[PDB]
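K.L.:
Sequence, then the experimental structure. Questions to follow.
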Amino acid sequence: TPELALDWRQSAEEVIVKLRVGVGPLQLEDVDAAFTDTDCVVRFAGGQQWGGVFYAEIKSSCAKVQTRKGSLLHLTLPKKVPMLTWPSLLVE
């Protein structure tokens, strides 16, 4: 979680997005994440919104957790497609 920008990761295990909120007050709305059996949306309280797109399956990856508490917005995303090369970090 850098003090320069934002920390995210994708690994064979999980998609992590940690976003720092400078959008004034932190409200529960501060991540709007839409996850479908074939797609995903990550939304920041402002305009920092990311996602992914799948053709199939993902309702296990529809399982998502996000942390808010301060300056950190954290999505724990179960593995979408492990060892498979994605078109982009966020594909939406």
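P.N.:
Right, received. Where do you want to start? Residues are numbered from 1 along each chain as shown.
K.L.:
list the contacts for the spatially closest residue to residue 6 that is not a sequence neighbour?
P.N.:
Once flanking residues are discounted, residue 6 sits nearest to residue 19: 5.3 Å by C-beta to C-beta, 6 or more residues apart in numbering. Where C-beta positions appear, they are placed from N, C-alpha and C, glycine not excepted. Contact criterion C-beta atoms under 8 Å, 6 or more residues apart in numbering gives 6, 31, 44, 48, 72, 73 as the residues in contact with residue 19.
K.L.:
Can you flag the buried ones in those residues?
P.N.:
By neighbour count, with 16 or more other C-beta atoms under 10 Å, these hold 31, 44, 48, 72, 73 as buried.
K.L.:
From residue 43, how far off is the residue lying closest to the third one once chain neighbours are set aside?
P.N.:
Excluding the flanking residues, the one nearest residue 48 by C-beta to C-beta, 6+ apart is residue 19, at 5.9 Å. Distance check for residue 19 against residue 43: by C-beta to C-beta, to the nearest Å, it reads 10 Å.
K.L.:
Between these two, which contacts overlap?
P.N.:
Each of residue 31 lies in contact with both residue 19 and residue 43 under the rule C-beta under 8 Å, 6+ apart.
K.L.:
check contacts around residue 50.
P.N.:
Shown here is residue 50, whose contacts under the criterion C-beta under 8 Å, 6+ apart are 17, 41, 42, 89, 90, 92.
K.L.:
returning to what we had before: can you add distance to residue 2 and give the buried ones among the contacts of residue 19 back as JSON lines?
P.N.:
Written out in JSON lines, the entries for the buried ones among the contacts of residue 19 read as follows (distance: C-beta to C-beta, whole Å):
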{"residue": "31", "distance to residue 2": "18"}
{"residue": "44", "distance to residue 2": "16"}
{"residue": "48", "distance to residue 2": "15"}
{"residue": "72", "distance to residue 2": "11"}
{"residue": "73", "distance to residue 2": "14"}
